[PDB]
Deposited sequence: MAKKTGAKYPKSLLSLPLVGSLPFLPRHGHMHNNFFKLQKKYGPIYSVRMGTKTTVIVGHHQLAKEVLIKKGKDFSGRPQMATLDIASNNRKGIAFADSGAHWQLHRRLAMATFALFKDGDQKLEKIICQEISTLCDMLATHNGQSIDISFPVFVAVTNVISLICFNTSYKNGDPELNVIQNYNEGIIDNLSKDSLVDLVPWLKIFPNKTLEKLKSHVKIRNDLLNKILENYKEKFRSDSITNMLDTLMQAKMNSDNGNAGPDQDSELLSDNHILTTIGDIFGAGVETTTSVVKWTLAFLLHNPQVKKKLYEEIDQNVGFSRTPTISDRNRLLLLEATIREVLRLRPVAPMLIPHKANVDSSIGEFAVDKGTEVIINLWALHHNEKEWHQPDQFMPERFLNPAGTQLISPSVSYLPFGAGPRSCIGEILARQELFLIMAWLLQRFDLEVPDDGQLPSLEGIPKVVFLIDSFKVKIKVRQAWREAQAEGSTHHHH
């Protein structure tokens, strides 16, 4: 009695549980490196820190391209910008200029810390008007970190109640929704098998996004002074200037669509991800009041109420720095990075990997590795401190929240500051507690282009100690 023909097989149900954890459950059967084939496209999944560091660092440039996706093609205006562009001059140029702009914000009145502490102060007043109420702090934080990103790109910020802030939130919410139904890792190309409006809806929100950035770029051309370089849009237009003296090879790379999409990748990435981490950290502090207490005690002991937090306070506020590290471990912004692609025939762990092969780092597996992490499913900021509690450690090498190699986060500095500063300023001012209905946020989360958390509310009272310190 024979056996049936078999035209296809998959090791686990599609659209059942989260992708990254399904790949990770799978290492028990098939190991830390294994592949899957859809027609002609082939995808490798890496889930051990050593092989991941080979893809990202040692052979970093070999695996530094990005794969063509129909949904990502739109959000990037056909693979322009940075995050979703293939390895090339465009990507190399724009990524370089983008980083050069962050250099401008080391010193002065445009000192990055000053810009942040500024928009954080407005945030804290805004939140104090809700003393005694339970609220969803998504939008107030969204506006804070939009203004920072907007000051670095434009030297502009949105005044309060501006209706554009609600427009931006809308198309951001729309891009996130149609860009993926899970992480950017669909085994099955569902949107080509069945008819659907997914791409049509996406174009709408990107169209709004693109038209809006376009207005801003036209208005700025009058205002541009070659002698005044203080934001990203300057760095980009200066580049276009120095190229067209006829034009250089760099000229075709700095058209207004290439400049537009670059800003849109800075904005799109920076804002929604920084906001998500803030929501994720409060989520964890509401589940772990014991950690919350030691964080209040630490910040009262080392900063007080005579002044506001400063980057300088990073050296004394250690448990806070560890808590941010432990949230980015348990809940990586990008539990599977962005897909890398093999630019050239190569090898991972001495296995052959053909040109054009989608390679995926399963960061979720690196951060939950039983052997590399003690009690990996637990929230223990202690694990990033010596047993004393007096300086920070790197307890494991299987920890790359911002990735590594040629394709790592370019806004790592900015995020590490914002996340520290925001969280300091709030813990100083505010008591943060479970609302009166008694509901706690769900830490399960929601994988999209960003690893998001279900919306949740928090009761917020100004702190006893902070009041009495005003006389």
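- Unmodelled regions of the deposited chain, listed from N- to C-terminal end, are 1 to 12, 258 to 260, 487 to 494.
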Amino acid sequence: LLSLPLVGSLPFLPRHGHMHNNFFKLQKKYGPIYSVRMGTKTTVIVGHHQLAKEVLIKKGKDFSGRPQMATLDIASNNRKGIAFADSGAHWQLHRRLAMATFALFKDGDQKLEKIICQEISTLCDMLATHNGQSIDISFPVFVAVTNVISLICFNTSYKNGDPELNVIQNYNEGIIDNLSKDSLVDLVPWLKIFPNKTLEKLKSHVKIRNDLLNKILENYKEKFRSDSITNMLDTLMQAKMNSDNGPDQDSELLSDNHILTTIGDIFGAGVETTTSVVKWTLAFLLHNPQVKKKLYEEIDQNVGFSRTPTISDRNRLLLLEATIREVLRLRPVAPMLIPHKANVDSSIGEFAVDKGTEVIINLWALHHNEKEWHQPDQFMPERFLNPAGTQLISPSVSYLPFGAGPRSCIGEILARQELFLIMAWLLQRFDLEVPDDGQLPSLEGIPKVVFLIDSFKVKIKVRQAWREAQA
From here on, numbers count along this sequence of modelled residues.
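So that the term is clear: the rigid core is the largest set of C-alpha atoms that superpose within 1.5 Å between two forms.
- With 101 to 109 and 319 to 327 as candidates, the stretch whose CA atoms show the greater average offset from this form in 6 other deposited structures of this protein after a core fit is 101 to 109.
- Where the structures in 6 other deposited structures of this protein are fitted on the rigid core, 266 to 274 is the one of 266 to 274 and 360 to 368 whose C-alphas sit farther from the shown form on average.
- Looking at the other PDB entries for this protein, residue 248 is absent from the model in a third or more of those that include the residues around it.
- Higher mean CA B-factor, judged across 353 to 361 and 95 to 103 from the recorded values: 95 to 103.
- Taking the mean C-alpha B-factor of each stretch as recorded, 333 to 341 and 119 to 127 are not equal, and the higher mean is that of 119 to 127.
- The PDB entry assigns the greatest CA B-factor among 173, 370, 113, 136 to 113.
- Between the residues 396, 261, 228, 281, the entry's highest C-alpha temperature factor is the one at 228.
- In the deposited entry, the Cα temperature factor of residue 178 places it in the middle third of its chain's modelled residues.
- For residue 209, the recorded CA temperature factor ranks within the lowest third of the chain's modelled residues.
- Among all modelled residues in this chain, the alpha-carbon of residue 414 has a temperature factor (C-alpha) in the middle third.
- When all modelled residues of the chain are sorted by CA temperature factor, residue 1 is found within the middle third.
- Among the modelled residues of its chain, residue 294 has a C-alpha B-factor that falls in the middle third according to the deposited record.
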